[PDB]
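Colleague: Here it is, the structure, as structure tokens.
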Amino acid sequence: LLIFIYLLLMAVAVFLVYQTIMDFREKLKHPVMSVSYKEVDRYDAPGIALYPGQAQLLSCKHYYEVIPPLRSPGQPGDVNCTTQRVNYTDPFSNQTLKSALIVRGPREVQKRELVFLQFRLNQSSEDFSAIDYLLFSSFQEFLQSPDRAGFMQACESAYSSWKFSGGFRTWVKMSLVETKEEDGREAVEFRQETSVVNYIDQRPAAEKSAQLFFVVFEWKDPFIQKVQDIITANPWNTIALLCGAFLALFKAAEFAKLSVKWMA
Amino acid sequence: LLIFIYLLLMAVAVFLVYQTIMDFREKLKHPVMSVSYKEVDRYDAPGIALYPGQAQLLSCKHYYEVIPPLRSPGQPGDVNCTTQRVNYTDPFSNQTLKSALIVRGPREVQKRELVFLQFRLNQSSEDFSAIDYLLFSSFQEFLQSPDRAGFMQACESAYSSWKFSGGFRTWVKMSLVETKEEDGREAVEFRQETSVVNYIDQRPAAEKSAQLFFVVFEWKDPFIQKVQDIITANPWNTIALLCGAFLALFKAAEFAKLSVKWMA
Amino acid sequence: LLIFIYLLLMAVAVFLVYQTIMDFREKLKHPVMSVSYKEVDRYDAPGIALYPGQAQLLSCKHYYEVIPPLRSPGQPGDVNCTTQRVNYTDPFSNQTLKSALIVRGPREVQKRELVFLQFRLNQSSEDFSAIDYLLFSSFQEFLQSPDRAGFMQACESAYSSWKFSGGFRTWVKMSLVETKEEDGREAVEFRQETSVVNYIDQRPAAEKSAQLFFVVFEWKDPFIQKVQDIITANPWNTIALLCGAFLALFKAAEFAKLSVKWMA
């Protein structure tokens, strides 16, 4: 025959523990995500894996904020960069042989360094001509690799590949996104946005049968976007909250006993 | 004539309560956002509502990782998928009749299933020919609907519509984004990125007046992106924190009284 | 010769304080991001700084959800909006003079107001012709500016510039993103996604030498995306957690003493 507020206190404690456990579980289920920007003065030389079927690389150069007009739009020019060639097997199906021409991408961003590439496909029956390209983080990391074919088979799964069509000048603005996985993977990936500009075919009609591919690679900005996942569920903070609530309840019970022995 | 640290304690309590209320209010005002990825082996067959004005669907097929070259670039071919037709009214303005050709999109993603569509518009006065397309989540959810016109009028507001031009082969990479609203709406939407590739018109000059539209639909990856809003303002955690601070202040006051009766 | 649980209590307190400091440091290092959407019935009129090299603005009009077919595809039409001209210097290199044609952007989104622009470049040696465009928030904020050249030089750094090619009708869907920086900068920026549609050159072959640029500007939706960074590290919450945990440890020690004087 007392106040019996201990029952209400126990109910409050049970409810608070239950809601705290539910909150911790739902916070552990749904991590939040954070984005930051790391400014880099000079990117590492990216690798550009082009896939020309039969078109030959007429020209390739390292340009700057402007490209001078082509002296010969559709004739063999000058290749003026470090390019390699690799042959590997497509991870999707082991019955196809893929030949990749690897180009060292532009490093300088403050100066807006460009990689300008021009291919010509002489004759083909394909209705929609297009050259595929893949981007990987470092060309140097590709050079000193024991298994170049294995490197490219890994890059096929690690990165997504796009394509640029003939009759255009595809201007590819590429940027780096580093996703720091919960396992500390630090997976680096490429994002890119294009702008296709028509090619004014001024060549004589005799040579108009051949198709011309122009593509320009640069970095859109000297910022690498780092994306991380943050776990908002901290067990120790939960323990501290539970301890504080339990202490508050215990002191409330003590004050209730004091009130009972004073007035009630 | 005592220490009168109770006044400082009350000031600290008032400041802590004020800052806690402000922090809770600003956390309730700005929910955080979380992104997760759900891997699906086979997407549900999406619905592609195309809006051909007068162009007739020459061909449509379910292809795989490659498209064989067209046997007849601009002549009636074979339609080899499930297509329906609906007529409804534009939700914005009730004075226009919209006729939509609904195509069952590709399901398989591991096999890189394609939907290839080819239209031909014979003659028109339009300077810039383009066919509009809208994407909705399920074609099956469209088949068994009591009000197909109502379904399309809802799809107009629920989804965004794009267009693909003639003289190109628009390759649409489409992915699904499920935004879980605070009201548990779980609104599903489509994102898409294209790649226009020129069409090498090898048809005779007599038939070059007619315009050809080509479009390819697939899924870019087998990942549905779920975006959720997390409320970082928890009333019960706030109550526990306030209780802990109040208890700390009370025990500090008790120890101050002990110090007064000991030395001070 | 006692229980000496005080040593374990001190170790627990040290570990708890250490992990709390580490958690606070890593939370202060990595702020989370919050995204919100503010609906505006009528955007403030944006400023479109176009950079025509030698092409003259044939036509420019404020249209609505449809554009009627051009009465004269490549002849001087009617300019029917507020346009200004400014001359300034490129912030990157002070040796180039940039002439900008500032155009009054579309305000209404409910009515889907369009800005339709048509330029004609008579003769040039450029292989890939394109007109550059920059978007800034307010044209009115540009009109009453003491230093228009300084305003444009600041807009060059504050905003990113794109380009639209000839032989196309680029439809630019633009939207506003306000990033609220930690310093309360409230930096406003423009995002845009395009859709190039081929231009069917029906003009006589005599006038086909000149290149035509068409572009359409509207707002994709009446939503401004506000992106904020939230600091999850609250010093006062950490103080409350530490105080509650310290009190829990103190009461545990008191109960241990009670147990010692009772049984142990």
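How things are named: the first chain in the structure tokens is A, the next is B, and so on; residues count from 1 in each chain; ligands count from 1 in the order shown.
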Quick one: residues within 6 Å of range 69-84 of chain A, only C-alpha atoms, excluding same-chain residues fewer than 5 positions away - as a ChimeraX atom specification?
Modeller: /A:58-61,101-103
Colleague: Can I get the selection written as an mmCIF file, in the first residue's frame, with N, CA and C atoms?
Modeller:
```cif
data_model
loop_
_atom_site.group_PDB
_atom_site.id
_atom_site.type_symbol
_atom_site.label_atom_id
_atom_site.label_comp_id
_atom_site.auth_asym_id
_atom_site.auth_seq_id
_atom_site.Cartn_x
_atom_site.Cartn_y
_atom_site.Cartn_z
ATOM 1 N N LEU A 58 45.315 7.974 -86.631
ATOM 2 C CA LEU A 58 46.005 8.918 -87.503
ATOM 3 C C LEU A 58 46.894 9.852 -86.699
ATOM 4 N N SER A 59 46.355 10.442 -85.637
ATOM 5 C CA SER A 59 47.118 11.430 -84.890
ATOM 6 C C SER A 59 46.733 11.408 -83.420
ATOM 7 N N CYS A 60 47.684 11.802 -82.579
ATOM 8 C CA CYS A 60 47.417 12.002 -81.159
ATOM 9 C C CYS A 60 48.440 12.988 -80.627
ATOM 10 N N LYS A 61 47.981 13.967 -79.857
ATOM 11 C CA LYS A 61 48.870 14.997 -79.342
ATOM 12 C C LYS A 61 48.436 15.431 -77.951
ATOM 13 N N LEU A 101 44.494 -0.220 -77.338
ATOM 14 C CA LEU A 101 45.552 0.769 -77.495
ATOM 15 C C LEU A 101 45.507 1.694 -76.287
ATOM 16 N N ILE A 102 46.579 1.703 -75.504
ATOM 17 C CA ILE A 102 46.621 2.422 -74.240
ATOM 18 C C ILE A 102 47.347 3.739 -74.454
ATOM 19 N N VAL A 103 46.691 4.837 -74.091
ATOM 20 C CA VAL A 103 47.226 6.182 -74.240
ATOM 21 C C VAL A 103 47.422 6.780 -72.855
#
```
Colleague: So that I can see what lies close to range 26-28 of chain A, please list as a ChimeraX atom specification the residues with an atom at most 7 Å from it, counting only C-alpha atoms and leaving out residues fewer than 5 positions away in the same chain.
Modeller: /A:231-233
Colleague: Output N, CA, C and O atoms for every residue in the selection just made, as a PDB file, in the first residue's frame.
Modeller:
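Full text of part-v9.pdb as output:
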```pdb
ATOM      1  N   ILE A 231      29.098   5.156 -40.052  1.00  0.00           N
ATOM      2  CA  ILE A 231      28.196   4.374 -39.214  1.00  0.00           C
ATOM      3  C   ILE A 231      27.769   5.254 -38.045  1.00  0.00           C
ATOM      4  O   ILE A 231      28.585   5.602 -37.188  1.00  0.00           O
ATOM      5  N   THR A 232      26.489   5.616 -38.006  1.00  0.00           N
ATOM      6  CA  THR A 232      25.971   6.456 -36.935  1.00  0.00           C
ATOM      7  C   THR A 232      25.623   5.667 -35.679  1.00  0.00           C
ATOM      8  O   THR A 232      25.218   6.274 -34.681  1.00  0.00           O
ATOM      9  N   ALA A 233      25.770   4.345 -35.701  1.00  0.00           N
ATOM     10  CA  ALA A 233      25.457   3.502 -34.551  1.00  0.00           C
ATOM     11  C   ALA A 233      26.740   3.254 -33.768  1.00  0.00           C
ATOM     12  O   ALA A 233      27.609   2.492 -34.201  1.00  0.00           O
TER      13      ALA A 233
END
```
Colleague: Excluding residue 46 in chain B and its own-chain neighbours fewer than 3 positions away, which residues fall within 12 Å of it when counting only C-alpha atoms? Please give them as number ranges by chain.
Modeller: B: 42-43, 49, 82-83, 102-108, 115, 134-143, 174-176, 188-190, 217-219
Colleague: I need the residues from that last selection saved to file as a tab-separated table (two decimals), in the first residue's frame (with N, CA and C atoms), if you can.
Modeller:
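What landed in out-v7.tsv:
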```tsv
chain	number	residue	atom	x	y	z
B	42	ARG	N	17.63	-10.02	-62.00
B	42	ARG	CA	16.75	-9.79	-63.13
B	42	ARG	C	15.78	-8.68	-62.78
B	43	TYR	N	15.87	-7.57	-63.50
B	43	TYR	CA	14.91	-6.48	-63.32
B	43	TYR	C	13.53	-6.91	-63.80
B	49	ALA	N	7.03	3.90	-72.89
B	49	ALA	CA	5.96	4.57	-73.62
B	49	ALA	C	6.59	5.50	-74.64
B	82	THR	N	6.41	-7.67	-77.11
B	82	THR	CA	5.06	-7.34	-76.68
B	82	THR	C	4.88	-5.82	-76.67
B	83	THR	N	4.04	-5.32	-77.56
B	83	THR	CA	3.74	-3.90	-77.65
B	83	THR	C	2.24	-3.68	-77.57
B	102	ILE	N	3.44	1.31	-76.13
B	102	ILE	CA	4.11	0.77	-74.95
B	102	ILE	C	4.88	-0.47	-75.36
B	103	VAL	N	6.18	-0.49	-75.05
B	103	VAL	CA	7.07	-1.59	-75.36
B	103	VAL	C	7.55	-2.21	-74.05
B	104	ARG	N	7.56	-3.54	-74.00
B	104	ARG	CA	8.09	-4.25	-72.85
B	104	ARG	C	9.61	-4.19	-72.88
B	105	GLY	N	10.20	-3.59	-71.85
B	105	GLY	CA	11.62	-3.39	-71.82
B	105	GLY	C	12.37	-4.68	-71.54
B	106	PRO	N	13.70	-4.60	-71.54
B	106	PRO	CA	14.51	-5.79	-71.31
B	106	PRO	C	14.59	-6.14	-69.83
B	107	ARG	N	14.53	-7.45	-69.55
B	107	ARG	CA	14.59	-7.96	-68.19
B	107	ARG	C	16.00	-8.36	-67.77
B	108	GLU	N	16.66	-9.20	-68.57
B	108	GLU	CA	17.96	-9.74	-68.19
B	108	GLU	C	19.02	-8.64	-68.18
B	115	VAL	N	16.72	-3.85	-76.00
B	115	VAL	CA	15.54	-3.60	-76.81
B	115	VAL	C	15.96	-2.63	-77.90
B	134	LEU	N	8.98	7.80	-72.46
B	134	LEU	CA	8.80	7.82	-71.01
B	134	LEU	C	9.04	6.41	-70.49
B	135	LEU	N	9.62	6.29	-69.30
B	135	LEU	CA	9.95	5.00	-68.72
B	135	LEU	C	9.20	4.83	-67.41
B	136	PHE	N	8.50	3.70	-67.26
B	136	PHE	CA	7.86	3.36	-66.00
B	136	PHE	C	8.26	1.95	-65.58
B	137	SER	N	8.11	1.70	-64.27
B	137	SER	CA	8.81	0.59	-63.62
B	137	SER	C	8.40	-0.76	-64.19
B	138	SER	N	7.09	-1.03	-64.25
B	138	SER	CA	6.61	-2.35	-64.60
B	138	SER	C	5.64	-2.27	-65.77
B	139	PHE	N	5.88	-3.09	-66.79
B	139	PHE	CA	4.91	-3.26	-67.86
B	139	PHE	C	3.76	-4.15	-67.43
B	140	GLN	N	4.02	-5.13	-66.56
B	140	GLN	CA	2.95	-5.97	-66.04
B	140	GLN	C	1.97	-5.15	-65.20
B	141	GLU	N	2.48	-4.23	-64.38
B	141	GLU	CA	1.60	-3.35	-63.62
B	141	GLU	C	0.75	-2.48	-64.52
B	142	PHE	N	1.17	-2.28	-65.77
B	142	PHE	CA	0.38	-1.54	-66.74
B	142	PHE	C	-0.66	-2.42	-67.44
B	143	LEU	N	-0.35	-3.70	-67.65
B	143	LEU	CA	-1.27	-4.59	-68.36
B	143	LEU	C	-2.58	-4.76	-67.60
B	174	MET	N	19.65	2.78	-68.62
B	174	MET	CA	18.65	3.15	-67.63
B	174	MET	C	18.85	2.36	-66.34
B	175	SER	N	18.68	3.05	-65.22
B	175	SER	CA	18.83	2.48	-63.89
B	175	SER	C	17.69	2.96	-63.01
B	176	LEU	N	17.45	2.22	-61.93
B	176	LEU	CA	16.31	2.46	-61.05
B	176	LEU	C	16.77	3.09	-59.74
B	188	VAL	N	9.52	5.10	-56.93
B	188	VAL	CA	10.48	4.53	-57.86
B	188	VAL	C	10.58	5.44	-59.08
B	189	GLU	N	11.81	5.73	-59.50
B	189	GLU	CA	12.05	6.59	-60.64
B	189	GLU	C	13.17	6.02	-61.49
B	190	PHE	N	13.29	6.54	-62.70
B	190	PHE	CA	14.26	6.09	-63.68
B	190	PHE	C	15.30	7.17	-63.91
B	217	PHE	N	17.66	0.26	-75.71
B	217	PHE	CA	17.41	0.31	-74.27
B	217	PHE	C	18.03	-0.89	-73.58
B	218	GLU	N	18.83	-0.64	-72.54
B	218	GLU	CA	19.25	-1.69	-71.63
B	218	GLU	C	19.42	-1.11	-70.23
B	219	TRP	N	19.77	-1.98	-69.29
B	219	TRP	CA	20.13	-1.58	-67.94
B	219	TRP	C	21.64	-1.42	-67.84
```
Colleague: Using only C-alpha atoms, select each residue of chain B with any atom at most 8 Å away from an atom of chain A, and give the selection as a PyMOL selection string.
Modeller: chain B and resi 32-36+69-70+169+195-201+236-237+240-241+243-244+247
Colleague: Would you mind reading off the distance between CA of residue 90 in chain B and CA of residue 212 in chain B, one decimal, in Å?
Modeller: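 Computing it gives 26.4 Å between the two atoms.
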Colleague: Provide the CA of residue 148 in chain B to CA of residue 183 in chain B distance in Å, to one decimal place.
Modeller: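 Atom-to-atom, CA of residue 148 in chain B and CA of residue 183 in chain B are spaced 26.4 Å apart.
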Colleague: Fit chain B to chain C, using all C-alpha atoms paired in sequence order for the least-squares superposition, and then show me the result as a compact mmCIF listing (two decimals) with C-alpha atoms, in the first residue's frame.
Modeller:
```
# COMPACT_ATOMS: atom_id res chain seq x y z
CA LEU B 1 43.57 -6.81 0.24
CA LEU B 2 40.17 -5.77 -1.16
CA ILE B 3 38.18 -6.31 -4.35
CA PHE B 4 40.26 -3.60 -6.08
CA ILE B 5 37.54 -3.14 -8.71
CA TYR B 6 38.52 0.55 -8.69
CA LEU B 7 41.40 -0.38 -11.00
CA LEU B 8 39.03 -2.00 -13.51
CA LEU B 9 36.74 1.02 -13.17
CA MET B 10 39.63 3.38 -13.95
CA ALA B 11 40.58 1.25 -16.96
CA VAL B 12 36.99 1.34 -18.22
CA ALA B 13 36.88 5.12 -17.74
CA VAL B 14 40.17 5.56 -19.63
CA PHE B 15 38.97 3.35 -22.49
CA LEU B 16 35.63 5.16 -22.72
CA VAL B 17 37.27 8.60 -22.70
CA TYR B 18 39.77 7.50 -25.36
CA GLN B 19 37.08 6.07 -27.63
CA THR B 20 34.90 9.16 -27.14
CA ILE B 21 37.78 11.47 -28.10
CA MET B 22 38.56 9.38 -31.18
CA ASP B 23 34.88 9.26 -32.21
CA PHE B 24 34.52 13.02 -31.76
CA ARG B 25 37.68 13.64 -33.79
CA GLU B 26 36.57 11.39 -36.66
CA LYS B 27 33.08 12.93 -36.67
CA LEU B 28 34.61 16.42 -36.79
CA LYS B 29 36.87 15.32 -39.65
CA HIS B 30 34.01 13.97 -41.81
CA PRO B 31 30.86 16.13 -41.89
CA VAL B 32 27.73 14.50 -43.26
CA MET B 33 25.77 15.95 -46.17
CA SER B 34 22.05 16.67 -46.48
CA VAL B 35 19.98 17.47 -49.58
CA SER B 36 16.63 19.28 -49.54
CA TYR B 37 14.37 20.64 -52.27
CA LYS B 38 12.77 24.10 -52.24
CA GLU B 39 9.81 24.52 -54.59
CA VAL B 40 9.72 27.86 -56.41
CA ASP B 41 6.80 28.89 -58.60
CA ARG B 42 8.82 31.39 -60.66
CA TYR B 43 12.60 31.36 -60.97
CA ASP B 44 14.47 34.64 -61.09
CA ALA B 45 15.44 35.55 -64.65
CA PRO B 46 18.81 33.86 -65.24
CA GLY B 47 21.59 35.37 -67.30
CA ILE B 48 22.92 33.41 -70.28
CA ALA B 49 26.31 34.72 -71.42
CA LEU B 50 26.81 33.47 -74.97
CA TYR B 51 30.18 33.74 -76.73
CA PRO B 52 29.61 33.96 -80.49
CA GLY B 53 32.93 34.35 -82.26
CA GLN B 54 31.61 35.70 -85.55
CA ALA B 55 28.13 34.13 -85.74
CA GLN B 56 25.35 36.71 -85.53
CA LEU B 57 22.19 36.07 -83.52
CA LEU B 58 19.60 35.62 -86.26
CA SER B 59 16.69 35.14 -83.87
CA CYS B 60 15.79 34.80 -80.21
CA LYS B 61 12.34 34.48 -78.67
CA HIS B 62 10.51 33.59 -75.47
CA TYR B 63 8.37 30.58 -76.38
CA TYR B 64 6.25 28.12 -74.40
CA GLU B 65 5.81 24.35 -74.18
CA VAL B 66 6.09 24.11 -78.00
CA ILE B 67 8.19 25.91 -80.61
CA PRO B 68 6.38 26.66 -83.88
CA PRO B 69 8.29 25.49 -86.96
CA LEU B 70 10.75 28.04 -88.31
CA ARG B 71 9.32 30.21 -91.07
CA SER B 72 12.81 30.92 -92.44
CA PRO B 73 15.37 28.36 -91.20
CA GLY B 74 18.52 30.35 -91.97
CA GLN B 75 17.63 34.01 -92.54
CA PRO B 76 17.60 36.98 -90.12
CA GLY B 77 14.45 36.77 -88.03
CA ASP B 78 13.29 38.70 -84.97
CA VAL B 79 15.09 39.21 -81.66
CA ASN B 80 12.38 39.56 -79.00
CA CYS B 81 14.07 39.60 -75.59
CA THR B 82 16.36 41.72 -73.43
CA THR B 83 19.96 41.25 -74.56
CA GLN B 84 23.08 43.16 -73.52
CA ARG B 85 26.71 43.05 -74.61
CA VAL B 86 29.81 43.12 -72.41
CA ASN B 87 33.55 43.04 -73.09
CA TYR B 88 35.99 41.75 -70.49
CA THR B 89 39.24 39.82 -70.07
CA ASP B 90 39.74 36.12 -69.43
CA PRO B 91 40.59 35.68 -65.72
CA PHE B 92 43.13 32.93 -66.47
CA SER B 93 45.05 34.85 -69.15
CA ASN B 94 44.94 38.64 -69.40
CA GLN B 95 45.90 38.64 -73.11
CA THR B 96 42.49 37.69 -74.57
CA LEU B 97 39.38 39.84 -74.98
CA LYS B 98 36.04 38.08 -74.44
CA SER B 99 32.83 39.55 -75.86
CA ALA B 100 29.70 38.14 -74.22
CA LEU B 101 26.10 38.52 -75.39
CA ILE B 102 23.90 38.34 -72.29
CA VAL B 103 20.37 37.00 -72.73
CA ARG B 104 17.64 37.17 -70.10
CA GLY B 105 16.65 33.58 -69.41
CA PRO B 106 13.14 32.22 -68.94
CA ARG B 107 11.32 32.89 -65.67
CA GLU B 108 8.10 30.86 -65.78
CA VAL B 109 8.37 27.14 -65.04
CA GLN B 110 4.70 26.23 -64.59
CA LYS B 111 4.13 27.47 -68.15
CA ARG B 112 7.36 25.82 -69.41
CA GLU B 113 8.83 29.04 -70.77
CA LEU B 114 11.57 28.62 -73.38
CA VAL B 115 14.35 30.84 -74.66
CA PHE B 116 14.99 29.87 -78.29
CA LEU B 117 18.19 31.15 -79.91
CA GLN B 118 19.35 30.84 -83.52
CA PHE B 119 22.80 31.96 -84.73
CA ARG B 120 24.40 31.81 -88.17
CA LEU B 121 28.15 31.73 -88.80
CA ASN B 122 28.77 32.76 -92.40
CA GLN B 123 32.29 31.47 -93.11
CA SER B 124 35.08 30.15 -90.90
CA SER B 125 38.05 27.79 -91.06
CA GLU B 126 37.04 25.98 -87.86
CA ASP B 127 36.57 22.24 -88.32
CA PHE B 128 34.28 21.92 -85.26
CA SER B 129 32.08 24.98 -84.83
CA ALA B 130 30.52 25.50 -81.40
CA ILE B 131 29.25 28.46 -79.37
CA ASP B 132 30.10 28.64 -75.67
CA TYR B 133 27.57 29.60 -73.01
CA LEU B 134 27.78 30.39 -69.30
CA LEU B 135 24.85 30.55 -66.89
CA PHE B 136 24.56 32.86 -63.89
CA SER B 137 21.76 33.16 -61.38
CA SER B 138 20.28 36.62 -61.94
CA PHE B 139 20.24 38.88 -64.98
CA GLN B 140 18.93 41.72 -62.79
CA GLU B 141 21.95 41.33 -60.50
CA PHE B 142 24.03 41.83 -63.66
CA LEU B 143 22.16 44.92 -64.89
CA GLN B 144 22.86 47.06 -61.81
CA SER B 145 26.53 46.27 -61.28
CA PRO B 146 29.23 48.96 -60.97
CA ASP B 147 31.78 46.75 -62.77
CA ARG B 148 30.21 44.59 -65.48
CA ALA B 149 33.66 43.36 -66.54
CA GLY B 150 34.41 42.48 -62.93
CA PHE B 151 31.03 40.78 -62.66
CA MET B 152 31.81 38.62 -65.70
CA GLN B 153 35.33 37.83 -64.47
CA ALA B 154 33.78 36.67 -61.20
CA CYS B 155 31.13 34.65 -63.06
CA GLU B 156 33.89 32.85 -64.97
CA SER B 157 35.24 31.37 -61.74
CA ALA B 158 31.90 31.02 -59.94
CA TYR B 159 30.19 29.02 -62.71
CA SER B 160 31.13 26.40 -65.28
CA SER B 161 30.66 27.06 -68.99
CA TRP B 162 29.53 24.61 -71.68
CA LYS B 163 29.13 24.79 -75.45
CA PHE B 164 26.55 23.84 -78.07
CA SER B 165 27.47 22.76 -81.59
CA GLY B 166 26.14 23.75 -84.98
CA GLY B 167 23.80 21.63 -87.02
CA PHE B 168 21.91 20.72 -83.84
CA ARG B 169 19.14 22.05 -81.61
CA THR B 170 20.63 21.75 -78.13
CA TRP B 171 17.81 21.64 -75.57
CA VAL B 172 19.36 22.68 -72.25
CA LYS B 173 17.47 21.69 -69.10
CA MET B 174 18.93 23.84 -66.32
CA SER B 175 18.38 23.61 -62.56
CA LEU B 176 19.71 25.49 -59.55
CA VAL B 177 21.85 24.00 -56.77
CA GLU B 178 22.51 26.08 -53.65
CA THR B 179 25.41 24.70 -51.62
CA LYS B 180 25.38 26.23 -48.14
CA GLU B 181 29.05 26.27 -47.19
CA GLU B 182 30.17 25.98 -43.57
CA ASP B 183 31.08 29.69 -43.69
CA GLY B 184 27.50 30.53 -44.72
CA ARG B 185 28.48 31.25 -48.32
CA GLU B 186 25.25 29.93 -49.89
CA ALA B 187 27.00 29.47 -53.23
CA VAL B 188 24.51 29.16 -56.10
CA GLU B 189 25.43 27.09 -59.15
CA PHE B 190 23.79 25.75 -62.30
CA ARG B 191 23.41 22.15 -63.41
CA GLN B 192 22.29 21.34 -66.93
CA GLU B 193 21.50 18.35 -69.13
CA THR B 194 21.20 18.59 -72.91
CA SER B 195 19.62 16.69 -75.79
CA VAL B 196 21.14 17.30 -79.23
CA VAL B 197 18.66 16.85 -82.09
CA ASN B 198 19.74 16.90 -85.73
CA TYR B 199 18.85 19.88 -87.91
CA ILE B 200 17.29 18.78 -91.21
CA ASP B 201 19.01 21.25 -93.55
CA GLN B 202 16.30 22.00 -96.11
CA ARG B 203 17.98 25.25 -97.17
CA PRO B 204 19.28 25.55 -100.75
CA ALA B 205 22.76 24.20 -101.39
CA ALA B 206 24.04 27.71 -102.17
CA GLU B 207 23.47 28.82 -98.56
CA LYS B 208 24.46 25.46 -97.02
CA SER B 209 28.02 26.74 -96.52
CA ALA B 210 26.90 28.87 -93.57
CA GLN B 211 26.45 27.05 -90.27
CA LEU B 212 23.33 27.32 -88.11
CA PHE B 213 23.28 27.05 -84.31
CA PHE B 214 20.03 26.43 -82.42
CA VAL B 215 19.73 26.28 -78.63
CA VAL B 216 16.73 26.09 -76.29
CA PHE B 217 16.89 27.03 -72.60
CA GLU B 218 14.31 26.14 -69.95
CA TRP B 219 14.09 24.93 -66.36
CA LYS B 220 13.76 21.17 -66.02
CA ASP B 221 11.66 21.40 -62.83
CA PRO B 222 10.57 24.07 -60.30
CA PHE B 223 12.85 22.73 -57.57
CA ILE B 224 16.06 24.28 -56.22
CA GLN B 225 18.33 21.68 -54.64
CA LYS B 226 19.91 22.88 -51.39
CA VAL B 227 22.98 20.92 -50.26
CA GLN B 228 24.22 21.49 -46.71
CA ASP B 229 26.98 20.07 -44.53
CA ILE B 230 26.05 18.94 -41.01
CA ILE B 231 28.72 18.62 -38.31
CA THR B 232 27.87 15.48 -36.33
CA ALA B 233 30.50 16.30 -33.67
CA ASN B 234 28.79 18.16 -30.83
CA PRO B 235 31.11 19.07 -27.91
CA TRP B 236 28.25 19.51 -25.44
CA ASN B 237 26.70 16.13 -26.24
CA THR B 238 30.15 14.60 -25.76
CA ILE B 239 30.47 16.34 -22.38
CA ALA B 240 27.04 15.09 -21.31
CA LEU B 241 27.88 11.52 -22.38
CA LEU B 242 31.17 11.61 -20.48
CA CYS B 243 29.40 12.98 -17.40
CA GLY B 244 26.81 10.21 -17.55
CA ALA B 245 29.49 7.53 -17.89
CA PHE B 246 31.48 9.01 -14.99
CA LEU B 247 28.35 9.06 -12.82
CA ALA B 248 27.59 5.44 -13.71
CA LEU B 249 31.13 4.46 -12.73
CA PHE B 250 30.92 6.39 -9.45
CA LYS B 251 27.64 4.75 -8.45
CA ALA B 252 29.02 1.35 -9.49
CA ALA B 253 31.98 1.96 -7.17
CA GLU B 254 29.61 2.95 -4.35
CA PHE B 255 27.58 -0.23 -4.86
CA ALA B 256 30.82 -2.24 -4.91
CA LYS B 257 31.74 -0.71 -1.55
CA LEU B 258 28.27 -1.61 -0.26
CA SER B 259 28.72 -5.20 -1.46
CA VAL B 260 32.14 -5.36 0.22
CA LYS B 261 30.72 -4.16 3.53
CA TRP B 262 27.74 -6.53 3.16
CA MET B 263 29.19 -9.87 2.00
CA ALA B 264 32.74 -9.46 0.64
```
Colleague: DSSP says alpha helix (DSSP H) for which residues of range 28-241 of chain A? Put them as a ChimeraX atom specification?
Modeller: /A:28-29,139-143,148-158,235-241
Colleague: If you run DSSP over the backbone, which residues in range 166-199 of chain C end up strand (DSSP E or B)? Put them as a list in words.
Modeller: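 DSSP-assigned strand (DSSP E or B) residues in range 166-199 of chain C: residues 168, 169, 170, 171, 172, 173, 174, 175, 176, 177, 178, 179, 180, 187, 188, 189, 190, 191, 192, 193, 196, 197 and 198 of chain C.
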